[PDB]
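Protein chains: 4
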Amino acid sequence: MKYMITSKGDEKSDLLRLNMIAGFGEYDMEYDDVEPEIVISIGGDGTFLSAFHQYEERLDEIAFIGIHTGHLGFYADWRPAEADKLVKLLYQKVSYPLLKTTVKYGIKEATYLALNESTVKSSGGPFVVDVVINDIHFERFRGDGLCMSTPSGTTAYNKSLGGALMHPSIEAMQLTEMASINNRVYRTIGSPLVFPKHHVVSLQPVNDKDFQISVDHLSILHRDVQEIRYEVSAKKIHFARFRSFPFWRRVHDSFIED
Amino acid sequence: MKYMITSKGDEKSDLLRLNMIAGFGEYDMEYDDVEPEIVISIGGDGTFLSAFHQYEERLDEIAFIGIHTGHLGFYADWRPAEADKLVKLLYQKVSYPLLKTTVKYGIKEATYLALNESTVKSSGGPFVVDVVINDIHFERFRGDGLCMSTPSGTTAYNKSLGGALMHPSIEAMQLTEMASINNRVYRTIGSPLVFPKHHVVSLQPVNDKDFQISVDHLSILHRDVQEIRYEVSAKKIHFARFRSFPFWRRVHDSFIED
Amino acid sequence: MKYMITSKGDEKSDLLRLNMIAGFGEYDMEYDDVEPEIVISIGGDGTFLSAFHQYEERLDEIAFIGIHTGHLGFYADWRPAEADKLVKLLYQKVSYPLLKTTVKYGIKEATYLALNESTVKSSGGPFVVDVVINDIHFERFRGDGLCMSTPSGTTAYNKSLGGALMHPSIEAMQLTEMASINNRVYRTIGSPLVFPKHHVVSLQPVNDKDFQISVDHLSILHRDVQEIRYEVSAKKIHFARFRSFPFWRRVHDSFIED
Amino acid sequence: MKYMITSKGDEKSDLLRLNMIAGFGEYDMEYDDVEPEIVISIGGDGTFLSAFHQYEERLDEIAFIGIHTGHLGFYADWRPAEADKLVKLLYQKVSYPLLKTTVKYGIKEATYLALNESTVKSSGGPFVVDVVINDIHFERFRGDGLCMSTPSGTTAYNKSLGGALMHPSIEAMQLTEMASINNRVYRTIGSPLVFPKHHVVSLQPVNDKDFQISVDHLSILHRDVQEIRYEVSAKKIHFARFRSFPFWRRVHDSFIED
Ligand SMILES: Nc1ncnc2c1ncn2[C@@H]1O[C@H](COCC#Cc2nc3c(N)ncnc3n2[C@@H]2O[C@H](CO)[C@@H](O)[C@H]2O)[C@@H](O)[C@H]1O
Ligand SMILES: Nc1ncnc2c1ncn2[C@@H]1O[C@H](COCC#Cc2nc3c(N)ncnc3n2[C@@H]2O[C@H](CO)[C@@H](O)[C@H]2O)[C@@H](O)[C@H]1O
Ligand SMILES: Nc1ncnc2c1ncn2[C@@H]1O[C@H](COCC#Cc2nc3c(N)ncnc3n2[C@@H]2O[C@H](CO)[C@@H](O)[C@H]2O)[C@@H](O)[C@H]1O
Ligand SMILES: Nc1ncnc2c1ncn2[C@@H]1O[C@H](COCC#Cc2nc3c(N)ncnc3n2[C@@H]2O[C@H](CO)[C@@H](O)[C@H]2O)[C@@H](O)[C@H]1O
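Protein sequences, first through last, are from chains A, B, C and D.
Residues in the first sequence are numbered from 440 upward in steps of one, following the working numbering.
Residues in the second sequence are numbered from 440 upward in steps of one, following the working numbering.
Residues in the third sequence are numbered from 440 upward in steps of one, following the working numbering.
Residues in the fourth sequence are numbered from 440 upward in steps of one, following the working numbering.
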């Protein structure tokens with residue numbers, strides 16, 4: 440099948456990439472980074488997130504595999520010493536949900552797809568937004584920002600903000616607060632919120648309309664913003680799996696002991 | 440249809456109950472508290488939880504309705520002044536997931552059904568249990584206790600322990616920690632965990648085998664315990680709904696402003 | 440005595456300022472905004488913080504008074520209707536501790552004084568600093584930022600970040616974390632830290648040396664930073680008090696009920 | 440001088456105790472467990488807490504030393520291999536603040552002294568108390584319980600409940616909440632509170648007057664309780680120190696890395 444390999448760029452990941460290509464040259468495999476069937480990421484989670492956004496236009500034709508040259512990553516869960524055994528076996532596919540973000544401007548829409556999370560923060564001044572859940576006004580948020588996480592992203596920024604860890608078989612999204620103000624006049628829910636499919640969470644500005652909006656590792660300053668809509672995407676990321684590595688085991692090895 | 444009405448027991452709830460029975464006497468309604476089709480709870484959330492466990496053996500034949508005589512309850516979401524309009528209309532059914540708890544003793548099983556949560560605490564001494572997720576050892580918990588919550592229960596004990604709020608259309612359960620110890624030798628995940636259907640969480644004792652186990656308002660001291668198993672139940676609670684009162688709106692009215 | 444009055448700038452605060460000046464014109468009072476003995480702030484807490492930094496060079500000769508035209512402020516604790524009674528009485532002085540911040544650059548020092556807090560965040564990239572307590576390396580922090588709060592500032596940014604509320608008679612400073620990363624390789628204390636006088640907390644960069652450093656409402660991007668030192672200042676802010684308004688009462692009225 | 444040695448009771452701690460007594464027999468030392476000048480605790484922190492309460496009536500005549508046979512303890516900060524060097528040197532004294540607890544019954548007072556903390560929980564039913572700070576009603580607490588911690592106790596139960604870590608040179612006490620209820624009708628401060636000397640925190644029952652009250656490792660069910668008063672004690676615990684082992688270093692070795 441057609442395949443490609445991306446590398447972290449350091450000495451360890453580049454030469455591991457060249458050896459897998461050589462191993463692939465001994466089979467019916469064509470290296471094609473335009474229309475690959477298999478995308479192998481050699482490096483860390485940030486290297487994997489880059490590989491995902493590289494091919495976000497062909498998600499339903501691609502199965503991703505991650506090899507962790509540094510420590511263990513949640514998306515890169517193959518060790519380098521198991522690379523040759525990986526070449527040979529190259530199985531079943533597993534799918535994780537994704538988050539769809541829509542940004543509307545006063546006076547052309549822009550949509551984005553997130554594998555970890557999308558966050559909103561102020562352009563420098565204070566951050567005030569109204570939070571609207573399915574056209575019903577839920578709260579007015581004053582604080583540092585908000586974070587909307589996929590299931591597989593709940594172990595990332597979401598986890599540092601007090602959010603729950605969520606098994607990736609649950610099609611959902613989770614909203615966490617970043618340092619909300621709560622006193623006699625300002626009031627937020629103060630708990631993470633977990634939304635199912637077809638629920639739309641909208642963020643609407645109260646005064647300032649410039650926001651720093653992130654999607655995974657990308658962060659862009661958006662101006663003249665009127666609304667930011669979140670919902671569980673209809674698209675999914677597909678992984679190539681060759682052995683049982685359960686999510687809760689991977690959580691254990693990354694946070695408890697390994 | 441056959442119906443019954445339970446009351447908080449105070450003056451307000453008893454006479455509201457008698458007036459609804461009189462209103463029901465003007466229709467083809469039979470008061471039957473042995474095999475009711477409709478169970479109306481007049482009082483608070485604790486009154487509703489009592490009504491649920493009253494008829495936990497006939498959940499698939501019963502639609503529950505709650506009337507809040509005190510403040511607004513998450514399960515009792517009808518005002519007393521709307522009682523006569525409720526008698527007449529007596530619709531669609533909505534279903535919430537439930538939590539199944541299995542307690543095994545050394546040397547007869549015992550199962551329970553929870554609408555809010557089930558919690559485990561020590562019998563007086565220190566609380567130490569091993570947490571096993573789908574036969575894989577996840578962590579050894581040292582602390583005050585653990586809490587396993589349904590979706591509709593996430594706004595109850597779960598919320599006070601830092602857990603996420605979870606829409607009840609998600610068939611899941613959430614585990615929160617009660618004051619875990621974390622230092623150089625003791626280590627827990629420290630985040631709430633959200634499990635899907637068919638995932639089994641088992642709690643196994645390390646030394647002491649006596650535990651205070653709660654299921655909603657009930658709390659019993661269990662002795663010679665070998666295991667406590669949690670999983671999303673196959674049974675569901677069915678509500679009779681007559682108008683749109685979304686979960687996120689009900690969360691807003693109970694915690695933000697009303 | 441010599442005095443001055445600063446205003447929020449809106450219609451309510453400006454005309455309340457003019458009426459107090461007229462009332463002061465009926466006594467032995469000289470309006471002097473160069474060397475005042477009394478500084479009256481009419482507006483909110485942000486208006487008060489501006490008044491404090493206006494005269495941070497003459498703190499030991501000035502007693503501050505705050506009048507809250509909007510809601511109740513923690514520093515502006517006089518109601519507008521009590522302005523004429525305030526003119527007449529114009530007592531004892533009470534003193535609150537302050538935080539001293541020292542910023543050193545590679546290749547001229549810069550010092551600052553904070554009434555609420557001082558915070559450090561990254562210039563855009565990831566935030567990594569080593570935390571040194573009295574020349575002993577305590578931890579390497581990876582996250583969004585850190586916050587060092589005075590006692591009276593513990594109800595402000597500090598409170599939103601999970602910090603403790605600290606009575607202002609305690610000469611101390613409190614360090615809170617902003618979304619620290621904690622996994623198998625990255626580790627922080629995760630608890631607020633409360634330091635006494637003469638303890639010096641130093642923050643040292645690991646890679647990037649550009650930081651967004653805030654002191655109360657001011658926030659400046661600092662470049663070529665080598666160290667950021669925190670310690671309880673030797674200077675104190677002095678308030679003019681005319682009646683008993685205890686700190687814990689003021690906390691109650693601002694967060695519990697009023 | 441007069442001295443005594445208490446042991447954890449296991450094989451390691453008993454024979455280390457006998458060897459130190461033999462080493463002490465080669466000097467002008469008298470083993471006296473009635474009126475000791477020096478109290479050596481060989482074991483863990485719980486062994487040390489037992490030693491403290493053993494001699495709480497003669498705190499101003501006793502200097503405590505702790506040897507950790509198991510892991511490193513916050514109070515037992517001497518390694519077993521350094522026992523003979525400890526015998527010879529047997530210096531300066533350092534003092535840590537303590538917490539005084541007063542329990543009043545309807546229809547004889549009872550006072551207690553705590554080195555870690557004192558906690559209040561319900562006798563089985565729901566826990567509701569009014570919190571009074573210096574005769575001013577602060578809040579009505581509904582939840583699982585409350586915890587009042589000394590500075591050296593802030594790394595113990597206090598830390599697990601979200602409290603701040605507090606250097607023991609600060610004469611203060613810290614109150615943390617155990618799973619408070621917060622909704623439209625019930626409201627607590629939700630933040631840890633740090634009190635200075637001479638501040639009195641009183642807990643008063645609302646309905647049930649039976650409480651489970653703990654002081655360090657002791658926990659007794661108290662009945663017909665009218666009030667529970669907390670304040671920084673006038674008594675202090677004195678340690679014998681032979682080398683520099685700073686508090687923040689000890690925190691680092693116990694929670695970060697060792
Ligand atoms: N304050 C802050 N606290 C916590 N996380 C924060 C954060 N600010 C940003 N992030 C995160 O950084 C992501 C972009 O960087 C690549 C990645 C990843 C990344 N993804 C995951 C993941 N799904 N699960 C676990 N760990 C992850 N990681 C690890 O994340 C750690 C640090 O990035 C490294 O251990 C990675 O292995 C961004 O999408 C956001 O999730
Ligand atoms: N420390 C502690 N913090 C927080 N909650 C704690 C708790 N200890 C026990 N509970 C809870 O008490 C339940 C049994 O009592 C009946 C109920 C309910 C009850 N159920 C819900 C619910 N599903 N959602 C919201 N509020 C609820 N309530 C409100 O719960 C409030 C107090 O009970 C009242 O406002 C009720 O209206 C038990 O199942 C456990 O969820
Ligand atoms: N995410 C975030 N969460 C929480 N607080 C954050 C924050 N980001 C910044 N701040 C804060 O903003 C301060 C500068 O603005 C003036 C002030 C004050 C201000 N000071 C205090 C104070 N000492 N105590 C209580 N409330 C205060 N206030 C209230 O603070 C509320 C909002 O500013 C208004 O109710 C003010 O009445 C800055 O020093 C930092 O403490
Ligand atoms: N849910 C819960 N979470 C957290 N701590 C809880 C708790 N319930 C009770 N405790 C605590 O247990 C104390 C009585 O036991 C002896 C001690 C000590 C003890 N004291 C300290 C201390 N000052 N600092 C650090 N660690 C300590 N320790 C360690 O505490 C750990 C477990 O006890 C062991 O590592 C000890 O080394 C009681 O006073 C209360 O502080």
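Quick reminder that beta carbons are idealized off the backbone N, C-alpha and C, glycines included.
At least one CB atom of chain D sits nearer than 8 Å to the CB of B:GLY582.
The three-state reading of DSSP puts C:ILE652 in strand, counting E and B together. D:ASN621 and B:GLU556 have their C-alpha atoms spaced approximately 18 Å apart. Remark: the shortest separation between the CB of D:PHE513 and any heavy atom of ligand 4 falls under 7 Å. Taken through DSSP and simplified to helix, strand or coil, D:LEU632 comes out as strand. Looking at the backbone, the Cα of C:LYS441 and that of C:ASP472 are separated by about 8 Å. Here C:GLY545 has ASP663 and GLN665 as same chain residues with Cβ atoms under 7 Å from its own Cβ, once five neighbours each way along the sequence are excluded. Three or more Cβ pairs closer than 8 Å define a contact, and the region 565-584 of chain A falls short of that threshold against the region 599-612 of chain B.
A heavy atom of ligand 1 is found nearer than 7 Å to the CB of A:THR594.
B:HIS637 sits in coil when the DSSP states are folded into three classes, being neither helix nor strand. Within 7 Å of the C-beta of C:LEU538 there is not a single heavy atom belonging to ligand 3.
C:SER693 belongs to the set of residues whose beta carbon lies under 8 Å from a beta carbon in chain A.
Note: D:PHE580 is bridge-paired with D:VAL568 in the DSSP secondary-structure output.
Beta-bridge pairing by DSSP links B:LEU604 to A:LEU632. The beta carbon of C:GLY464 sits no closer than 8 Å to any beta carbon of chain D.
Remark: the C-beta of C:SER591 is in contact range of ligand 3, defined as less than 7 Å to any heavy atom. The beta carbon of A:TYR535 lies closer than 6 Å to those of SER591, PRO607 and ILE676 in the same chain, with the five residues before and after it left out. Close partners of D:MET605 in chain C (Cβ separation under 7 Å): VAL633. D:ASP697 belongs to the set of residues whose beta carbon lies under 8 Å from a beta carbon in chain B. Interface with chain D (8 Å Cβ-Cβ cutoff): B:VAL559 is excluded. For D:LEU552, the enclosing beta strand (DSSP E) stretches over residues 549-553. For C:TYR514, the three-state secondary structure derived from DSSP is coil. Among the bridge pairs identified by DSSP, C:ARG668 is matched with C:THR541 and C:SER641. Using beta-carbon distances, B:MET440 does not count as an interface residue toward chain D, since no partner is under 8 Å.
Fully enclosed alpha helix (DSSP H) runs of no fewer than 4 residues occupy 484-493 and 522-528 of the region 466-530 of chain D, in order along the chain. Taking a Cβ-Cβ threshold of 7 Å, the residues of chain C close to A:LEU600 are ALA618, in chain order.
Following the DSSP letters along the chain, one finds A:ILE659 in no alpha helix (DSSP H) but inside the beta strand (DSSP E) bounded by residues 657-661. Straight-line spacing of the CA atoms in B:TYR514 and B:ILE695 works out to 17 Å. Not one beta carbon of chain B lies nearer than 8 Å to the beta carbon of D:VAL664. Listed in chain order, the non-local C-beta contacts of D:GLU474 below 8 Å within the same chain comprise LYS441, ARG497 and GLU500, local neighbours out to five positions each way being set aside.
At a cut-off of 8 Å between beta-carbon atoms, B:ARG623 makes contact with chain D. Counting the other Cβ atoms within 10 Å of the Cβ of B:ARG456 gives 16 or more, which makes it buried.
Proximity of chain B to A:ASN573 at the Cβ level (cut-off 8 Å) is accounted for by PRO685 and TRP687, in chain order.
DSSP places B:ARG680 in the strand class (E or B) of the three-state scheme. Its Cα nearest to that of A:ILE652, the residue A:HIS661 stands out among A:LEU454, A:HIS661, A:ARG623 and A:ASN646. Counting only Cβ-Cβ distances below 9 Å, B:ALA595 has no contacts in chain A at all, with the closest Cβ about 12 Å away.
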